[PDB]
Each structure stands twice: as structure tokens, then as C-alpha cells.
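Just one chain follows, in the form deposited in one PDB entry, and it is written as C-alpha cells.
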């Protein structure tokens, strides 16, 4: 059990034990993803306003924050140190550092801390050996607990329901922009839907050939293969689903390309188990697309991890030799992209639980005609 929405204390300790083993005495966390990880909330718009968390080697956190964020920290299990605009926060921060960290020791610094804040606090930081937090904390975040996995599943359920309601309306004659905005709306009208993971991507026709396409003014017409890729956040955790359809009966190569991606995706997912290397899962979807002769058109990773961010560890990519372990959560999203013609991607979110890969997203993966 734990008093927090999730178990933040168990993360703080795991983090402390972890950074302590690698030879660090403490960590400084700025608002962002790791702030969310350790506390469950994240403060917004702290431009050049000092909002920092000090994590000592033993004990709990201290927040030094602007007086204006008082209600956000009311129930914080730790030291809150408020500063008014008539005060110099960096004086307060120095005292805290000098009174906490020996001097000349190794500290971790949040990669997302603004340089602007770094500079004012140069007098303090000059005294220590500073290292990025990401190589340390990411080891923790890539292994999700049962509550996190439940947030992920919950975020995938919202996104599945959005798929079945969205394909029930008319898409013909409306634009990528308008459709993407219908999706956004629809996500935010599902119970439990925090917000979007990222702004919805709609790629129609030849536009679908570019993986990083941003939705344009192009109208959707009979003949288009139309890729939808969207996500939701649930308690801060992200889903990411891509499905691909057709307006009017599919023209023949469309059916073949699709079927190939369909087979590659579902077999890649089947490979997923504890103990197997990331690349071998990539090799599965890759081999299958290459075997049919399209290897030169599958132009990206099979997948990427999901979490508090949309892109995190682990990466299901050609090179990677990281063995997959229980708790890892990631996407399996192979695709085939034909310049000037069309594209097909199929994306599910997957979780490694009790040694085998579970599909968190489950929306119909067979080719629907519209």
C-alpha cells in the first residue's frame, strides 16, 4: 500500500538507492516528466521562475517554489520552501544546497532544467560535479509498476473507443486538419481523458507516404488510403494508436500492402517476450516486410517505449541489443510507405507482463473500407 495516487515514495527510494550506487549524493529535478514521476503532479509556466526539487541521498524531497504555486504543494509530503517576488530565490537555494550537499560531490541535474535558471545559480553549481539525470532515472521509468501499466491500458481503452465512433461518420470531402480536430475533440469527450498525448495526425492519399507528415488542407476523397495516428493521456500516461483505412473499395496493391503490414505487425507483437532482444522483435516485422520485397520502404523503427512521454525507452530498433523485461511498455508500429502513391502503418501499444507481450490497444486491425 501507499498514500499517494501511485507509489511515489517507493520511486524516490528506488531512485535514491540507484543514484547512490552509481556514486551520486543527490539530484535536482525541474518541472517536467521526472517531476511528474516522483510526485504525481507537474507545475506549468515556470518560465524563468525557480521551481526546483532537491532529492538528498536519504530522507525525502524539498520543493523550493514560487509563492504563487501554494495550493499545488499543500499536501506535499516533504519540505516546501515558498519564495515571494520580493525575495531572491537563489539565496534560499544556496543555503539549502550548502546545508545539504558536502561540496565537490557529484549531483544529478534534470536535463529539462532551463539554462536561464542554471545561470543565476552558477555560484552554487560551480561548487559541484554536475551530471545529467537521464542515464540514471530512465532505468527506473522504463520498468513500469502495476499502477502505471493500468494508466497505459486505461489510455489505450479511450483511444480504442475513439476509433469505433470515428469511423461511423463521413470522412469524404473533409480535410486532414478538420478530421484531426474531430479526433482531438472525441478523445477529450471520453470519461477519464486527461488530454491528448500529442496532436492527432491524419494522412490521406500520397500524403500517407511520409511518416512524419503533419495534417494539411487536403480533402479526403474516394480512392484515398487514410492513416489515423492519435493518443490520449490517462493520469499522465500516454497511448499511441495508428490505424489505416480506405475510401471506396481498395485498389488491389492497397490490399496487398496492407495485408503485409497486418501480418508483420501481429507477428512482431507475438515475438515479444521477457528475455528477447529489442532488435530481434524489430527483425521480425522487418524480415516479413523484406521477404515480400518492401524492405527498402519500411523506413523507421518498429517501435518506441511509452510512458509519461510519448517517446521513451525501450526502442524496438535494428541496432538495439537491450533485452526486453517485465514492465517495459512500447509500440509495435511497422509500416510501408510508397512515395506519391500511399502509406500503411498499424500501431498498437504493448506491455510486457508476466513474461509475454500484452496488447493494450485492441481496435479492429483488419482493413475497413468506407
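Numbering follows the first chain given and starts at 1. We call the rigid core the largest set of C-alpha positions that still match within 1.5 Å between the two forms.
For the segment pair 175 to 183 and 237 to 245, the entry gives 175 to 183 the higher mean B-factor, averaged over Cα atoms. Stretch comparison (160 to 168 versus 285 to 293) by mean CA B-factor in the PDB entry places 285 to 293 on top. In this entry, the residue among 141, 146, 153, 219 with the greatest C-alpha B factor is 219.
Highest C-alpha temperature factor among 107, 80, 276, 268, as the PDB entry reports it: 276. When the CA B factors of the chain's modelled residues are split into thirds, the value for residue 345 lands in the lowest one. For residue 50, the recorded CA temperature factor ranks within the middle third of the chain's modelled residues. Residue-level temperature factors show residue 368 in the middle third of its chain, judged at the C-alpha atom.
Among all modelled residues in its chain, residue 252 ranks in the highest third by Cα B-factor. In the PDB entry, a CA B factor belonging to the lowest third of its chain's modelled residues is recorded for residue 137.
Unshown form deposited in another entry; subsequent notes refer to it.
With the core fitted between the shown form and the other one, just one of 216, 270, 210, 84 shows a Cα displacement of at least 2 Å, namely 84. After superposition on the rigid core, the Cα of residue 168 moves by less than 2 Å between the shown form and the other one. Core-superposed comparison between the shown form and the other one: the C-alpha position of residue 294 differs by less than 2 Å. Comparing the forms between the shown form and the other one, the C-alpha position of residue 72 differs by 2 angstroms or more, with the core used for superposition. By 3 Å or more, the C-alpha separation between residue 113 and residue 199 shrinks in that other deposited form relative to the form shown here.
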